[PDB]
Amino acid sequence: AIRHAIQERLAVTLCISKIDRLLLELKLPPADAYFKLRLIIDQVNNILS
Amino acid sequence: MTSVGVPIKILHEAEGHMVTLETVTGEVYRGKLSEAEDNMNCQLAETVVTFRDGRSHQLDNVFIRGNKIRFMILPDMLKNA
Amino acid sequence: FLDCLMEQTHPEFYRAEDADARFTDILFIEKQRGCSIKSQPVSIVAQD
Amino acid sequence: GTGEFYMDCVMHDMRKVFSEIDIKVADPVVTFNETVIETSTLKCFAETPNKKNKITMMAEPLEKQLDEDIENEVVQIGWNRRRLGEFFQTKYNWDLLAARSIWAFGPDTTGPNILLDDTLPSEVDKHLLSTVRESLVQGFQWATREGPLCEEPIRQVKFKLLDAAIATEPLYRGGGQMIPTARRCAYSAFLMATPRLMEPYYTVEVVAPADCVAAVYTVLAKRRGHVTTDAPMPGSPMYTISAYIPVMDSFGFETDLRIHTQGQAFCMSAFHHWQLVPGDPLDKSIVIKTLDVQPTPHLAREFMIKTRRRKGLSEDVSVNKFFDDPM
Amino acid sequence: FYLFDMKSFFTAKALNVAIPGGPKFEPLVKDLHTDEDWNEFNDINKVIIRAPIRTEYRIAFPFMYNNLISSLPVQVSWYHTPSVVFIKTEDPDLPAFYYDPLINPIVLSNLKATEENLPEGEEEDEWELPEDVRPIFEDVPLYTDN
RNA sequence: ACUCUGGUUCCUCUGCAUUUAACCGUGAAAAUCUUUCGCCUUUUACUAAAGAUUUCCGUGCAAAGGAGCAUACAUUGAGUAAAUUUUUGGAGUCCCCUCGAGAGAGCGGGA
Ligand SMILES: Nc1nc2c(ncn2[C@@H]2O[C@H](COP(=O)(O)OP(=O)(O)OP(=O)(O)O)[C@@H](O)[C@H]2O)c(=O)[nH]1
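Residues numbered from 1 in each chain as written, not as in the entry; some residues may be left out. Chains lettered and ligands numbered in written order. Part of a larger assembly, values for the part shown. Heavy atoms only, no water.

If you check the header, you'll see the entry was determined by cryo-EM and the resolution is listed as 3.0 Å.

Caption draft 1: Up close: the interface of chain E and chain D. On the chain D side, the residues contacting the 33 residues of chain E number 45 residues. The junction of chain E with chain D conceals about 3,900 Å² of combined surface from both sides, 62% of it contributed by carbon and sulfur atoms. Between the two partners, chain E and chain D, sit 1 salt bridge. Between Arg50 of chain E and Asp249 of chain D there is a salt bridge whose closest N-O contact spans 3.4 Å. Of the residues that constitute the side of chain E that touches chain D, the class distribution is 24 nonpolar, 6 polar and 3 charged. (Contact = heavy atoms within 4.5 Å. Buried area = accessible area lost by both parts, 1.4 Å probe. Salt bridge = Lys/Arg side-chain N within 4 Å of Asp/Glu carboxyl O. Nonpolar A, V, L, I, M, F, W, Y, C, P; charged D, E, K, R; others polar.)

Caption draft 2: Representation of the packing of aromatic side chains within the structure. Residues and elements named next belong to chain D. Throughout the structure, instances matching the rule amount to 14 aromatic pairs over all chains. For the pair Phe87 and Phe88, a centre-to-centre distance of 5.3 Å together with 70 degrees between the ring planes defines the contact as edge-to-face. Judged by relative accessible area, which is 0%, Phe88 ranks as buried. Here the guanidinium or amino end of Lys54 rests over the ring plane of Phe45, the centre of that ring lying 4.5 Å away. Over the ring of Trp142 we find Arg183, and its NZ or CZ is 4.2 Å from the ring centre. (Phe/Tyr/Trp six-rings, centres within 6.5 Å; stacked < 30°, edge-to-face > 60°. Buried < 20%, exposed > 50% of the residue type's maximum accessible area, 1.4 Å probe, protein only. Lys NZ or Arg CZ within 6 Å of the ring centre and 35° of its normal.)

Caption draft 3: Spotlight on the interface of chain C and chain E. The partner chain E presents 6 residues to the 5 residues of chain C that form the contact. Surface buried jointly by chain C and chain E totals about 560 Å² across both partners, of which 51% is contributed by carbon and sulfur atoms. Connecting chain C to chain E are 0 salt bridges. At the boundary of chain C and chain E, one finds 3 residue pairs in polar contact. (Polar contact = N/O pair within 3.5 Å; in protein donor to acceptor, adjacent residues only side chain to side chain.)

Caption draft 4: Expanded view of helix α6 (residues 210-222) of chain D. Residue and element names in this part refer to chain D. Taken together, the buried positions of α6 are occupied by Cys212, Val213, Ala215, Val216, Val219 and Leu220. Relative to the axis of α6, the buried residues are bounded by an arc of 165 degrees and lie together on one face. Among the exposed residues of α6, those oriented more than 90 degrees off its buried face are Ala210, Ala221 and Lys222. If you follow the buried residues of α6, they end up packed against β7 (195-207), β8 (226-232), β9 (239-246) and α8 (253-261). (Helix = DSSP H or I, 4+ residues; strand = E, 2+ residues; numbered from the N terminus. Arc of directions from axis to C-beta.)

Caption draft 5: Layout of the side chain of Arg301 of chain D. Residue and element names in this part refer to chain D. Looking at the element boundaries, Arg301 is found in helix α9 (residues 298-311). Of note is the side chain of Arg301, whose polar atom sits 2.8 Å from the backbone oxygen of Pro281. In contact with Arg301, not counting residues within four places along its chain, are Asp280, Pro281, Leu282, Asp283, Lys284, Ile286, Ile288 and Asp316.

Caption draft 6: Main features of the arrangement of the chains. Once contacts are tallied for each of the 6 pairs of chains in contact, the highest total is for chains D and E. There is a gap between chain B and chain C: no contact, and a shortest C-alpha distance of 10 Å. Between chain B and chain D there is no contact, and the shortest C-alpha to C-alpha distance separating them is 37 Å.

Caption draft 7: Spatial organisation of the pattern of salt bridges. Residues and elements named next belong to chain D. This model, assessed by the stated rule, comprises 31 salt bridges over all chains. Salt-bridge contacts for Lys91 lead to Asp69; the nearest nitrogen and oxygen are separated by 2.8 Å. Of the two residues, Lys91 is situated in helix α3 (residues 80-92) and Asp69 in helix α2 (residues 66-72); the sequence distance between them amounts to 22 residues. The salt bridge involving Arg258 is made with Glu254; its shortest N-O contact spans 3.2 Å. Within this pair, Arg258 and its partner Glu254 are both found in helix α8, separated by 4 residues, close to a single helical turn. When sorted by exposure, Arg258 lands in the same class as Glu254, which is buried. One continuous salt-bridge network, built from bridges that share partners, spans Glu60, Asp95, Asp118, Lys158 and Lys160.

Caption draft 8: Main features of the site of the ligand. The ligand sits among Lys18, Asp20, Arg21 and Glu25 of chain A, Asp20, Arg22, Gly34, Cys35 and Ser36 of chain C together with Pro82 of chain E. More than one chain reaches the ligand: its neighbouring residues belong to chains A, C and E. Separating a nitrogen atom of the ligand from a side-chain N or O atom of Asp20 of chain A is a distance of 2.6 Å. The side chain of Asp20 of chain C places a nitrogen or oxygen atom 2.9 Å from an oxygen atom of the ligand. Within the complex, 52% of the 630 Å² of free accessible area of the ligand lies under protein. (Near = heavy atom within 4 Å. Areas by Shrake-Rupley, 256 points an atom, 1.4 Å probe, with all protein chains shown as cover.)

Caption draft 9: Here's a closer look at the protein's contact with RNA strand F. Taken together, 17 residues lie around RNA strand F, and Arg52, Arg65, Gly66 and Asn67 of chain B together with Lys13 of chain E are the ones closest in. For RNA strand F, the fraction of protein-proximal atoms (within 4 Å) that sit in sugar or phosphate groups is 66%. The contact in question runs from a sugar or linking oxygen of RNA strand F to an N or O atom on the side chain of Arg65 of chain B, over 2.8 Å. In the model, a base oxygen of RNA strand F is placed 3.0 Å from a nitrogen or oxygen of the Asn67 of chain B main chain. Looking at side-chain class alone, the surface near RNA strand F contains 4 nonpolar, 4 polar and 9 charged residues.

Quick look at the structure:
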């Protein structure tokens, strides 16, 4: 979806979604939940670059 | 935002559109309100200035200080907003 | 997520407490499968 | 259709929404593509029905990425003289004197095959060769779409042209004589080049952790799929596996995986590579019977024969007639 | 439940096939055994059986595999639910939120860290948060024994 | 500033619970008609499946009235209460030229 959107020349924006899974299901604390969100952003920027 | 009064809310909905505003010195500026502020400073683009003698000129951008604006003619669709 | 944009603009938009309403999944195959199968468009007025 | 779920939904709408009639559904099958794995061991000549003209072509197997680039349109044939030449040297460090020659792709303007003119200019003038050029390109395009082993599209073949016998005839020769002759030239060039079938392949993404990894490998091994990713998905108790599997084998795969995992895994399939079916389509030592398993070499031959039978063609290939007695 | 919920047994009934360990019924269309004629469509000289397309795939997909699906009341099972990854905790003395060792570590070794456009020190470090601004639930504990 | 009402619980009446993907019921009976397999020196009672319809054990909400237990006037639907640059604490007055009986206007001039 990202890759194909770039090739279209869309403008790409990110929304991190079902964050509740971090607290309710994975039960990652606060600090590790931040790292999980950080890694997701890093993954997408790694695709973009 | 904090609950600023309805006239200021309507001014920000006017940002999409053409507005016509008169300054305290008498010149009438018609242009496309690109930014407005809660102090009602206005930034116009694609502007035409009309002087009080009826001469006119184009201006690419205009910044008008909010306390120097007498009134603005807003577009009609904002009445629906 | 679009059901939340629907719920905000509409008021009458019923979302069940148990399961997603999935308003933009209009087809009955999409209701039964519950994956989305075709695109659908929305148009709404919303505030920044 | 893409894979499995697309055809289910398409056929649901066929029954429920649109047609509402008693349809019979064939067991699912892939379209194949036909490819050469060697340089043509002879340059192969074809003479026009009137004998006034002679065309010679050789087939070669295409530079490994280049069919993705053509099918993506990372390169387009309208760019021909300056920009196409530059593209081939800058990406591929390539033929560029001959890359300027190329002027055609087949079986369409985005098709995964290239025709080159490799006639050294001493043999024929560029104006005379330009007259036949549009005819030969239509011949090459026809041959790449319909032609060789099981009448599936050719892919990943590069053709070279190098002959000069062209005469005083141009109205009579140009349409009628040359274009069927260029097709027989491309076939005999292709058929000398050791021809092979290609099947299309999926990439798979799978998510379940301890037991399901072993189950994934098991279900893939039954279906010729092979794995290469073993990711311990960051901040998740799942592992993520990725695998290549061939579409002709994939049809069960999603349901098999979820049964043997007990729904713990799920997989999605996407397509991107063509890969060569094992065996040799032309090996007459392989005899195919439908009651029994036909595993490694027989796979290419079964796919060709059953594809010919489905189309309704003769059971085995023309090749003796396409080479003809002179060659 | 995947091949074993409700809709799979309804489809299994309409198709007149059994699910292993599921129920079985009288045929819904008694004619189908009379139809059998082998040759013209079915011929099997023409088709490439790479694997037996037998029961489960016909139940999972229906419309991709089955003939006559317009008199038969085939119904479509829910495709997938994203797997809930709740791991039960057996030590009640652990914090309610904790990094369970079954959860894989949050790291990808090759991954380039994104640039953080934080504000540059000299003027911006002076900036201060008003003395009564406070995290929304500062003193409420992050978790309790409930 | 106005009419408008005590909580709670329970009983009984009235209305709606058809846009069914799906669900008034996270449970699950029986009958009739029509149609298709198996028992039978006969009919019921039956086997096990489809479609159309009923019955039965339940159900949700809203509104209305009443009756009982511990007792309080507020309050619902209808509506109140900051002089230092961007408004809410004067860059304001006056005195000439122009059009015009008249009184205002000119990016008018000036103390
Ligand atoms: N736990 C959790 N689940 C969610 C959340 N949001 C959505 N889901 C679940 O994920 C499933 C899919 O949600 P959808 O809205 O249909 O997701 P979707 O991506 O639109 O489905 P497709 O577009 O077809 O892929 C449903 O079971 C949802 O309940 C969430 O915030 N938390």
